[PDB]
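Below is one structure, written out as structure tokens; comments come after it.
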Amino acid sequence: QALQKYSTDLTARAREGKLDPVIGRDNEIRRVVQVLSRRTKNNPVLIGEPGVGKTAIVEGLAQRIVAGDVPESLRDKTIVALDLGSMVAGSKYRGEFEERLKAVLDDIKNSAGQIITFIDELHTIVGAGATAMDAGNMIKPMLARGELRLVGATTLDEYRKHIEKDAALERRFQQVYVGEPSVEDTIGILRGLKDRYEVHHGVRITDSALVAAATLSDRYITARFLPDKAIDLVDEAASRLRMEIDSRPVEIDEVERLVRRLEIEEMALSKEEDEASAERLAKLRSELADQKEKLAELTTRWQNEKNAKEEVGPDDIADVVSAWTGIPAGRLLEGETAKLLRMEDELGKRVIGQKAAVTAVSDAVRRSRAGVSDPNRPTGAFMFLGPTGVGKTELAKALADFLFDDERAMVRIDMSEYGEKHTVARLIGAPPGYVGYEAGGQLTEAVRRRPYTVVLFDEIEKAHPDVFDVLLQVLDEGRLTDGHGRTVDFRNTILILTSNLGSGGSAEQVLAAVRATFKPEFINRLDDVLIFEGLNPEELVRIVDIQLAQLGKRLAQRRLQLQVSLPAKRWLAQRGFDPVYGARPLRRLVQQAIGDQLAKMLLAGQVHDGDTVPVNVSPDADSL
Amino acid sequence: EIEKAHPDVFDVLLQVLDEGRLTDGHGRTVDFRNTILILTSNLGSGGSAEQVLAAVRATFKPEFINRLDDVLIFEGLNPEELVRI
Ligand SMILES: Nc1ncnc2c1ncn2[C@@H]1O[C@H](COP(=O)(O)OP(=O)(O)OP(O)(O)=S)[C@@H](O)[C@H]1O
Ligand SMILES: Nc1ncnc2c1ncn2[C@@H]1O[C@H](COP(=O)(O)OP(=O)(O)OP(O)(O)=S)[C@@H](O)[C@H]1O
């Protein structure tokens with residue numbers, strides 16, 4: 001009767017129909033049974049990485065016993081699930097734990113070998129009751145004679161951290177290696193599990209959902225194992241769909257929540273006795289109106305759809321895989337097809353010229369959302385080089401902004417400090433046993449979180465010619481391994497290597513300097529090797545416009561603006577001389593010609609905030 | 001890409017070949033007598049057969065070349081065997 005108090009009954013629940021169906025894994029249950037019915041030392045231990053199904057096998061064995069598919073020796077055996085947590089509950093005295101253990105062992109032995117105990121995560125049995133080794137090995141005499149059977153299951157690396165350190169007890173256990181299944185098997189598993197979820201959430205599930213989940217959960221989420229990271233997607237999709245069968249769907253409930261906040265802000269900002277908050281209000285109202293338009297449009301379209309979405313499909317799974325591990329995995333639902341077709345002209349707002357290199361980046365971004373590029377290879381690996389001041393770093397910063405709306409979201413490393421060979425260790429970590437080890441790598445541990453960024457290697461030509469080799473595997477496929485032995489995936493980042501070889505020689509001399517500075521097997525990894533071009537006087541007026549736009553945007557903090565005459569706008573670009581320093585002289589000239597005079601006149605009255613100022617050319621300089 | 005490493009990891013591999021054993025910190029001897037050991041490389045880079053066979057000999061030691069089985073040499077791609085790739 002001690003059992004009734006210190007353990008539950010598994011076979012009883014299997015009869016009462018409370019365990020999930022178990023599909024496949026025939027070899028494993030066969031081996032478990034045949035080990036479980038031998039003469040001496042019959043103690044199978046299911047071992048293997050976490051998630052691949054190790055409790056599911058024991059539940060399958062229980063349902064199999066209830067059914068009758070077992071051999072003769074295992075008829076009516078009444079599996080029992082032990083519990084060592086509720087056994088050490090209150091035993092602060094000297095013998096209170098050994099007493100309970102002896103009672104349970106005696107009642108297991110009194111039965112005619114019927115009971116089949118089952119300790120889940122038996123790596124906790126080692127130090128059961130400590131004080132001096134006495135407890136947890138009182139069963140060691142009964143294991144050998146095979147009186148109690150004890151099918152248990154622990155993870156693969158808590159078996160050599162807790163048990164293998166006890167070689168006298170490992171001897172009494174037989175290991176059953178449970179390897180993870182493939183996609184074709186996971187699909188079959190899901191096809192039989194697609195009823196409990198479909199009934200718990202009042203929805204229906206298409207078979208395409210199962211297929212797409214079992215595929216995407218293997219392609220993207222490279223940190224868990226397969227029978228589980230595929231069930232999670234299905235489960236979350238179903239829960240979301242049931243949440244939307246409530247009153248309103250998403251994308252209407254978000255816009256109404258935004259509108260309410262904008263309203264409650266505009267209602268309480270109106271009574272502000274100020275003049276600078278007048279413009280800080282003049283935009284809030286416009287925003288509220290332009291959002292209420294969208295709300296009304298969505299609400300009307302819902303009415304049409306409802307007078308003229310009830311099962312999960314192969315794209316809601318993509319929405320989940322995008323919301324978790326923010327890699328975009330969708331199918332271009334018309335929100336951004338226009339954007340990806342406008343990409344070139346949109347990156348033109350910040351970068352000017354070098355269409356030969358803008359088109360090359362845009363094409364690599366584009367043919368990956370359409371699902372055409374190599375799924376196991378980086379999303380693109382370019383090294384664009386050319387003379388200075390031309391805009392290579394600028395294009396790399398414009399791309400990250402166009403993609404994530406925050407230029408500080410990309411991962412940037414400056415390869416000008418890696419001049420010494422030994423300085424490699426700061427991006428792959430330090431081996432075990434050395435000073436900085438628990439911190440892990442640095443590039444690795446940044447790409448391991450949010451693996452959608454853009455990676456930038458400035459001035460690649462200045463690092464020692466031995467950091468070039470840590471990038472071979474990184475460019476050819478997405479793998480790089482830190483100290484702890486974990487591996488990160490680069491398969492969906494966009495690498496970029498800005499350089500400066502062959503300052504202004506030719507488009508042929510620079511291709512003869514690259515081939516002498518790099519190795520034949522390293523150039524072979526790259527995509528197109530883009531070459532940038534010097535700037536023309538006609539490409540420079542637009543840069544003047546950009547600089548003035550930025551300066552005005554910065555000045556608008558103090559409520560100013562400038563009226564620049566076209567004579568001055570062309571004078572500035574006329575003084576952007578010397579196509580040997582690119583386009584920085586323009587910046588320093590704008591400073592030395594406008595910023596200093598503006599400061600002068602600004603911190604001495606006469607240009608008080610508010611009113612704008614005009615700028616006009618003079619004989620030589622330009623005055624205000 | 002084995003020739004890119006430091007010539008001490010070779011000496012670690014020295015007993016993996018020819019015996020299939022190496023023991024870690026915990027003092028557990030691990031056996032390799034059933035694996036298939038494969039080492040790629042890119043030495044020589046164009047030498048016919050003895051600009052490469054003598055560039056292996058000057059980067060590795062005889063006691064390391066001696067454990068190996070045949071040192072396979074790969075060959076460039078003819079125009080015919082690309083219409084199939
Ligand atoms: N062969 C299978 N048939 C049916 N369901 C399975 C199968 N393998 C795994 N599952 C399900 O996938 C999940 C796997 O969970 P478990 O296998 O119980 O966890 P585990 O594999 O024991 O890993 P730990 O170490 O116990 S956390 C559960 O939801 C199971 O129901
Ligand atoms: N085509 C361009 N379009 C817009 N701004 C440009 C362009 N070319 C240069 N600029 C400006 O020039 C600044 C400096 O150019 P960068 O590209 O940062 O220098 P670089 O191209 O990296 O050359 P090096 O070798 O790195 S010094 C940028 O911040 C821009 O403001």
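For the structure tokens, the naming scheme is as follows: chains receive sequential letters (A, B, ...) according to their order of presentation, residues are indexed from 1 within each chain, and ligands are indexed from 1 in presentation order.
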
May I ask you to extract the residues of chain B within 12 Å of chain A, using only C-alpha atoms, and to give them as a list in words?
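Close enough to count are residues 1, 2, 3, 4, 5, 6, 25, 26, 27, 28, 41, 42, 43, 44, 45 and 46 of chain B.
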
May I have the residues from that selection written out with N, CA and C atoms, as a JSON list (two decimals), in the first residue's frame?
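Writing the result to selection_17.json gives the following:
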```json
[["chain", "number", "residue", "atom", "x", "y", "z"],
["B", 1, "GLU", "N", 39.98, 21.71, -44.78],
["B", 1, "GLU", "CA", 41.00, 22.75, -44.91],
["B", 1, "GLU", "C", 42.08, 22.58, -43.84],
["B", 2, "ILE", "N", 42.78, 21.45, -43.89],
["B", 2, "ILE", "CA", 43.64, 21.09, -42.77],
["B", 2, "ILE", "C", 44.98, 21.82, -42.79],
["B", 3, "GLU", "N", 45.48, 22.24, -43.95],
["B", 3, "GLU", "CA", 46.80, 22.84, -43.94],
["B", 3, "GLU", "C", 46.79, 24.28, -43.43],
["B", 4, "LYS", "N", 45.62, 24.84, -43.14],
["B", 4, "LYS", "CA", 45.51, 26.18, -42.59],
["B", 4, "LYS", "C", 45.72, 26.23, -41.09],
["B", 5, "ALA", "N", 45.92, 25.10, -40.44],
["B", 5, "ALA", "CA", 46.01, 25.06, -38.99],
["B", 5, "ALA", "C", 47.45, 25.16, -38.52],
["B", 6, "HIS", "N", 47.63, 25.08, -37.21],
["B", 6, "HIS", "CA", 48.95, 25.19, -36.63],
["B", 6, "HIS", "C", 49.59, 23.81, -36.51],
["B", 25, "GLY", "N", 40.36, 14.87, -21.10],
["B", 25, "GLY", "CA", 40.73, 15.26, -19.76],
["B", 25, "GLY", "C", 40.27, 14.28, -18.70],
["B", 26, "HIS", "N", 39.01, 13.85, -18.78],
["B", 26, "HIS", "CA", 38.46, 12.92, -17.81],
["B", 26, "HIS", "C", 39.15, 11.56, -17.79],
["B", 27, "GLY", "N", 40.12, 11.32, -18.66],
["B", 27, "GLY", "CA", 40.77, 10.03, -18.69],
["B", 27, "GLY", "C", 39.94, 8.92, -19.29],
["B", 28, "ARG", "N", 39.08, 9.24, -20.25],
["B", 28, "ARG", "CA", 38.26, 8.23, -20.91],
["B", 28, "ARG", "C", 38.80, 8.01, -22.30],
["B", 41, "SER", "N", 42.18, 19.48, -48.44],
["B", 41, "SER", "CA", 43.30, 20.41, -48.51],
["B", 41, "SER", "C", 43.24, 21.16, -49.83],
["B", 42, "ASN", "N", 44.15, 22.10, -50.00],
["B", 42, "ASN", "CA", 44.28, 22.84, -51.25],
["B", 42, "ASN", "C", 45.73, 23.16, -51.56],
["B", 43, "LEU", "N", 46.65, 22.30, -51.14],
["B", 43, "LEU", "CA", 48.06, 22.56, -51.36],
["B", 43, "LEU", "C", 48.39, 22.55, -52.85],
["B", 44, "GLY", "N", 49.60, 22.99, -53.17],
["B", 44, "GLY", "CA", 50.06, 22.93, -54.54],
["B", 44, "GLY", "C", 49.40, 23.95, -55.44],
["B", 45, "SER", "N", 48.11, 23.77, -55.69],
["B", 45, "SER", "CA", 47.31, 24.71, -56.47],
["B", 45, "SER", "C", 47.87, 24.87, -57.88],
["B", 46, "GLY", "N", 47.80, 23.79, -58.65],
["B", 46, "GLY", "CA", 48.12, 23.87, -60.06],
["B", 46, "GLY", "C", 49.33, 23.06, -60.48]]
```

Within 10 Å of region 35-38 of chain B using only C-alpha atoms, minus same-chain residues under 5 positions, as a PyMOL selection string
chain B and resi 16-17+20+68

Using only C-alpha atoms and all ligand atoms, which residues of the polymer chains come no farther than 8 Å from ligand 2? I'd like the answer as a ChimeraX atom specification.
/A:350-354,386-395,458-459,498-500,535,539,543,546-547,582-584,587

Next, write the just-selected residues to a file, as an mmCIF file, in the first residue's frame, keeping C-alpha atoms as the atom set.
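File produced: out_26.cif:
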```cif
data_model
loop_
_atom_site.group_PDB
_atom_site.id
_atom_site.type_symbol
_atom_site.label_atom_id
_atom_site.label_comp_id
_atom_site.auth_asym_id
_atom_site.auth_seq_id
_atom_site.Cartn_x
_atom_site.Cartn_y
_atom_site.Cartn_z
ATOM 1 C CA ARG A 350 20.330 58.260 -49.744
ATOM 2 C CA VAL A 351 22.895 56.862 -52.211
ATOM 3 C CA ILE A 352 23.537 58.420 -55.626
ATOM 4 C CA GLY A 353 25.242 56.776 -58.564
ATOM 5 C CA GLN A 354 26.613 53.243 -58.620
ATOM 6 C CA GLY A 386 36.789 51.410 -55.149
ATOM 7 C CA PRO A 387 38.348 54.789 -54.373
ATOM 8 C CA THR A 388 37.569 56.839 -51.254
ATOM 9 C CA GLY A 389 34.583 59.055 -50.517
ATOM 10 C CA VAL A 390 32.532 57.175 -53.092
ATOM 11 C CA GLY A 391 29.828 55.658 -50.930
ATOM 12 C CA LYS A 392 30.532 52.012 -50.173
ATOM 13 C CA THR A 393 29.939 52.305 -46.430
ATOM 14 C CA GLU A 394 26.999 54.579 -47.208
ATOM 15 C CA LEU A 395 25.250 51.920 -49.281
ATOM 16 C CA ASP A 458 35.019 47.526 -42.936
ATOM 17 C CA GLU A 459 38.476 47.909 -44.481
ATOM 18 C CA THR A 498 34.296 47.090 -48.000
ATOM 19 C CA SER A 499 37.824 47.545 -49.300
ATOM 20 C CA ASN A 500 40.133 50.103 -50.875
ATOM 21 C CA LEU A 535 31.902 60.988 -58.948
ATOM 22 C CA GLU A 539 26.122 63.494 -59.618
ATOM 23 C CA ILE A 543 24.525 65.192 -53.032
ATOM 24 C CA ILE A 546 21.014 65.665 -49.616
ATOM 25 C CA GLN A 547 23.463 67.508 -47.373
ATOM 26 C CA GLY A 582 35.568 61.893 -53.297
ATOM 27 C CA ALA A 583 32.730 63.667 -51.529
ATOM 28 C CA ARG A 584 33.917 64.687 -48.050
ATOM 29 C CA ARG A 587 30.746 68.264 -46.315
#
```

Which residues come within 10 Å of residue 312 (chain A), counting only C-alpha atoms, excluding same-chain residues fewer than 5 positions away, as a tab-separated table (two decimals) with N, CA and C atoms, in the first residue's frame?
```
chain	number	residue	atom	x	y	z
A	203	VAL	N	-11.31	24.53	-33.99
A	203	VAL	CA	-10.94	24.88	-35.35
A	203	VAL	C	-10.76	23.61	-36.16
A	204	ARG	N	-10.29	23.78	-37.40
A	204	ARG	CA	-9.92	22.69	-38.28
A	204	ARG	C	-8.55	23.00	-38.88
A	205	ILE	N	-7.81	21.97	-39.27
A	205	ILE	CA	-6.43	22.12	-39.70
A	205	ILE	C	-6.23	21.42	-41.03
A	206	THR	N	-5.70	22.14	-42.01
A	206	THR	CA	-5.43	21.58	-43.32
A	206	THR	C	-4.12	20.79	-43.30
A	207	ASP	N	-4.04	19.77	-44.14
A	207	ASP	CA	-2.83	18.95	-44.22
A	207	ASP	C	-1.64	19.76	-44.71
A	208	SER	N	-1.89	20.77	-45.54
A	208	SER	CA	-0.81	21.65	-45.95
A	208	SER	C	-0.17	22.34	-44.76
A	209	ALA	N	-0.95	22.63	-43.72
A	209	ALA	CA	-0.37	23.20	-42.51
A	209	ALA	C	0.67	22.27	-41.92
A	210	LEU	N	0.33	20.99	-41.79
A	210	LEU	CA	1.27	20.03	-41.22
A	210	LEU	C	2.53	19.93	-42.06
A	234	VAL	N	2.12	24.39	-35.00
A	234	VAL	CA	0.72	24.04	-35.19
A	234	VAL	C	-0.12	24.51	-34.01
A	237	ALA	N	-0.50	28.36	-33.94
A	237	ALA	CA	-1.38	28.80	-35.01
A	237	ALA	C	-2.84	28.55	-34.65
A	238	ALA	N	-3.14	27.36	-34.15
A	238	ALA	CA	-4.53	27.06	-33.79
A	238	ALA	C	-5.02	27.98	-32.68
A	239	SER	N	-4.18	28.23	-31.67
A	239	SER	CA	-4.60	29.09	-30.58
A	239	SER	C	-4.87	30.50	-31.07
A	240	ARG	N	-4.03	31.01	-31.97
A	240	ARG	CA	-4.26	32.33	-32.53
A	240	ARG	C	-5.56	32.38	-33.31
A	241	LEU	N	-5.81	31.37	-34.14
A	241	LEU	CA	-7.02	31.37	-34.95
A	241	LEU	C	-8.26	31.33	-34.08
A	242	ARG	N	-8.22	30.58	-32.98
A	242	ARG	CA	-9.35	30.60	-32.07
A	242	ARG	C	-9.47	31.95	-31.38
A	317	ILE	N	1.42	29.38	-40.28
A	317	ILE	CA	2.67	28.84	-39.76
A	317	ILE	C	3.82	29.78	-40.08
```

If we count only C-alpha atoms, what is near residue 493 (chain A) at a cut-off of 8 Å, once residues fewer than 5 positions away on the same chain are taken out, given as a ChimeraX atom specification?
/A:378-380,451-455

Check chain B with DSSP on the backbone and list each residue it calls strand (DSSP E), as a ChimeraX atom specification.
/B:21-23,29-31

Mind dumping the selected residues with C-alpha atoms as a tab-separated table (two decimals), in the first residue's frame?
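Contents of the output file again-v4.tsv:
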```tsv
chain	number	residue	atom	x	y	z
B	21	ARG	CA	42.50	6.17	-29.79
B	22	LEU	CA	42.78	9.45	-27.93
B	23	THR	CA	41.89	10.20	-24.33
B	29	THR	CA	39.84	6.50	-23.89
B	30	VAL	CA	37.74	6.91	-27.03
B	31	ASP	CA	38.09	4.45	-29.90
```

What's the 12 Å shell around residue 289 (chain A), counting only C-alpha atoms, without same-chain residues fewer than 3 positions away, as a list in words?
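Here the answer would be residues 258, 259, 260, 262, 263, 266, 282, 283, 284, 285, 286, 292, 293, 294, 295 and 296 of chain A.
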
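Neighbours of ligand 1 at a cut-off of 7 Å, computed so that only C-alpha atoms and all ligand atoms are counted, are the residues residues 20, 21, 22, 23, 24, 25, 50, 51, 52, 53, 54, 55, 56, 57, 154, 155, 189, 193, 227, 228 and 231 of chain A.
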